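Data block below; observations after.
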Amino acid sequence: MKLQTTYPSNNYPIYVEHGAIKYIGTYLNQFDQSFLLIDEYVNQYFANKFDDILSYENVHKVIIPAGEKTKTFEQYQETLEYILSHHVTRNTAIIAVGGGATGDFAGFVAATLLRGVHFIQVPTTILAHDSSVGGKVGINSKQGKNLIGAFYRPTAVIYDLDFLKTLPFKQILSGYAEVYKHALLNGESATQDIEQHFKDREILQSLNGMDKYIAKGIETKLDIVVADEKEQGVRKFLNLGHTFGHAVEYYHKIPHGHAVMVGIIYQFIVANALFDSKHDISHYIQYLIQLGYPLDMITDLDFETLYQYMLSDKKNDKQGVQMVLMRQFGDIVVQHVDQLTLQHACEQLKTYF
Ligand SMILES: NC(=O)c1ccc[n+]([C@@H]2O[C@H](COP(=O)([O-])OP(=O)(O)OC[C@H]3O[C@@H](n4cnc5c(N)ncnc54)[C@H](O)[C@@H]3O)[C@@H](O)[C@H]2O)c1
Ligand SMILES: O=C(O)[C@]1(O)C[C@H](CP(=O)(O)O)[C@@H](O)[C@H](O)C1
Ligand SMILES: [Cl-]
Ligand SMILES: [Cl-]
Ligand SMILES: [Cl-]
Ligand SMILES: [Cl-]
Ligand SMILES: [Cl-]
Ligand SMILES: [Zn+2]
């Protein structure tokens, strides 16, 4: 499946298929130099496959910390200064081989090096089906997730589904949060169409039919980022369950997708309090449990603390916290939520556990 952005100009292709790794060849041959920024762990799993391309040496490897460890200024400055010592040209390319963390970090590097160089997205995670699309890139700050970054369109997005076969369940859970999130944004018939498929851990962990739902998430996103690239409108909906997700993630250092799931439930609880949406909270929580989501940690969730991180959410305004809420399927709204409401939403979510 080959998709592609449809902006007035400067568009990129999104190759999503098994073995898509074959498309990298053409690109590598078009650049003066290329820097393969690869995840520390991902490096171990696939170093072999790269030892070849890393022979013609105008192609270099840059091993970075795995996961969130890489999204920091220090790693950013270190990496930038390192590449620059190669006397690079503007016709260089930063190839991000890894998950959203690698993509975000390497993307920010591509976006700033000489004010901008070529950027190839090489997603290796399920979750990365969401992150490798949209041009949003960046690193974290002491005040929270993704506070420094940019909107930088990659040159291409090469998604070789074979990469998924090696994902442990923890990652399958983390990455499913995004897939599911896209189902929620696609309405009731879509949300149940996926709950009836990935009913339990057995099916999820098998990844059967995951491809279908991944392409579905990528399509749901492509349209949203093409319609509202700089997130001035509907793209904000993609942040569903991220106001609390990002707060829980940064403070508790748990997997990104896991945090999103907690935030989604939180988002529902808030919706019930503000609109009396009658969201079956027990329904959503049962589904997580069955999928294998830990969710024990929350037993020590300090709202007072988390609120500080939510107070940095890039969705906020002068009034304060702005959340993406599902008043009900098909009816998503973006609005301010007072800390009184938010605080009760957290005390209640905690209660369930
Ligand atoms: N910019 C965006 O559009 C966007 C969208 C979604 C989420 N994100 C960001 O993306 C990150 C989360 O995504 P992620 O799950 O890909 O993070 P990640 O980069 O941390 O990858 C998860 C883990 O899987 C390992 N891994 C990578 N590919 C593997 C493979 N094929 N087999 C086995 N292990 C593999 C990694 O080493 C890592 O430990 C967060 O930093 C989040 O803020 C950004
Ligand atoms: O606009 C987007 O692409 C997102 O809303 C961007 C967020 C990250 P942000 O809120 O730090 O931009 C990402 O986690 C979400 O799944 C998709
Ligand atoms: Cl444009
Ligand atoms: Cl094209
Ligand atoms: Cl040169
Ligand atoms: Cl492979
Ligand atoms: Cl809107
Ligand atoms: Zn996310």
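All ligand and atom numbering here is 1-based and tracks the order in the structure. Count residues from 1 along the sequence. What's counted below: heavy atoms across the whole structure, side chains too, no hydrogens, waters or symmetry copies.
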Within the 4.5 Å heavy-atom criterion, are [X] and [Y] side-chain neighbours or not?
X: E347; Y: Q343; value: yes
X: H182; Y: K216; value: no
X: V109; Y: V62; value: no

Answer yes or no: does an N/O atom from [X] fall short of 3.5 Å to an N/O atom of ligand 1?
X: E249; answer: no
X: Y41; answer: no
X: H246; answer: no
X: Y45; answer: no
X: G98; answer: no
X: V137; answer: no
X: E178; answer: no
X: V42; answer: no

In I269, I264, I265, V270, the residue satisfying side chain to side chain contact (heavy atoms under 4.5 Å, CB included) with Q267 is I264
Check against side chain to side chain contact (heavy atoms under 4.5 Å, CB included), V16 and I218: CA-CA 9 Å; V16 190; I218 287 172; 3.8 Å; yes
Can you confirm whether or not the ring centre of [X] sits under 6.0 Å from the ring centre of [Y]?
X: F163; Y: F46; result: yes
X: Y180; Y: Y287; result: yes
X: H246; Y: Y309; result: no
X: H197; Y: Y213; result: yes

Can you pull out the closest protein heavy atom to [atom]? Residue, atom name and distance to 0.1 Å, please.
atom: atom 13 (O) of ligand 1; value: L127 CD2, 3.2 Å
atom: atom 35 (C) of ligand 1; value: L167 CD2, 4.0 Å
atom: atom 12 (O) of ligand 2; value: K136 NZ, 2.8 Å
atom: atom 11 (C) of ligand 1; value: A101 N, 3.4 Å
atom: atom 6 (C) of ligand 1; value: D130 OD2, 3.1 Å
atom: atom 37 (O) of ligand 1; value: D39 OD1, 2.7 Å
atom: atom 41 (O) of ligand 1; value: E68 OE2, 2.5 Å
atom: atom 43 (O) of ligand 1; value: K145 NZ, 2.6 Å
atom: atom 2 (C) of ligand 1; value: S131 CA, 3.6 Å

Once you restrict to heavy atoms under 4.0 Å, what part of [X] touches ligand 1? Side chain, backbone, both or neither.
X: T166; value: both
X: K71; value: side chain
X: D104; value: side chain
X: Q171; value: side chain

Q.
Using a plain distance cutoff, I'd like to know if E231 has any nitrogen or oxygen under 3.5 Å from a nitrogen or oxygen of ligand 2.
A. no
Could you tell me whether some N/O pair between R235 and ligand 2 is separated by less than 3.5 angstrom?
-> yes
Is the closest heavy-atom distance from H256 to ligand 2 below 4.0 Å? yes
- Query: Does ligand 2 have any atom that is closer than 4.0 Å to a heavy atom of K315?
  - Reply: no
* Check: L173 main-chain N/O paired with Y293 side-chain donor or acceptor under 3.5 Å -> yes
Got a donor-acceptor contact below 3.5 angstrom from the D200 side chain to the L291 backbone? no
> Does even one non-hydrogen atom of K221 get within less than 4.0 Å of ligand 1?
Replying inline: yes
Quick check on contacts: which atoms of ligand 2 are under 4.0 angstrom from a heavy atom of [X]?
X: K314; answer: 9 (P), 10 (O), 11 (O), 12 (O)
X: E178; answer: 16 (O)
X: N239; answer: 5 (O), 7 (C), 9 (P), 10 (O)
X: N146; answer: 8 (C), 9 (P), 11 (O)
X: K181; answer: 15 (C), 16 (O), 17 (C)

Between [X] and ligand 2, which part of the residue brings a heavy atom under 4.0 Å of the ligand: side chain, backbone, both or neither?
X: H242; value: side chain
X: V260; value: neither
X: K221; value: side chain

Of all the N, O or S atoms in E178, the one nearest to the Zn ion (ligand 8) is OE2
The N/O/S atom of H256 lying closest to the Zn ion (ligand 8) is NE2
Judged by modelled atom types alone, do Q75 and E78 share a side-chain donor-acceptor pair under 3.5 Å? yes
Pair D317-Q322, side-chain donor/acceptor within less than 3.5 Å: yes
N-O pairing of [X] and [Y] below 4.0 Å:
X: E231; Y: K314; result: no
X: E178; Y: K181; result: yes
X: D52; Y: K49; result: no
X: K221; Y: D223; result: no

Checklist entry - Would the number of heavy atoms belonging to other residues, nucleotides or ligands and lying under 6.0 Å from CG of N29 be above 12? => result no
To atom 16 (O) of ligand 2, the nearest of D130, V225, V324 on a heavy-atom basis is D130
With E229 as partner, the option from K136, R235, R153 fulfilling side-chain hydrogen bond (donor to acceptor under 3.5 Å, both in side chains) is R153
> Is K253 positioned over the aromatic face of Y250, cation under 6.0 angstrom from the ring centre and no more than 45 degrees off axis?
Replying inline: yes
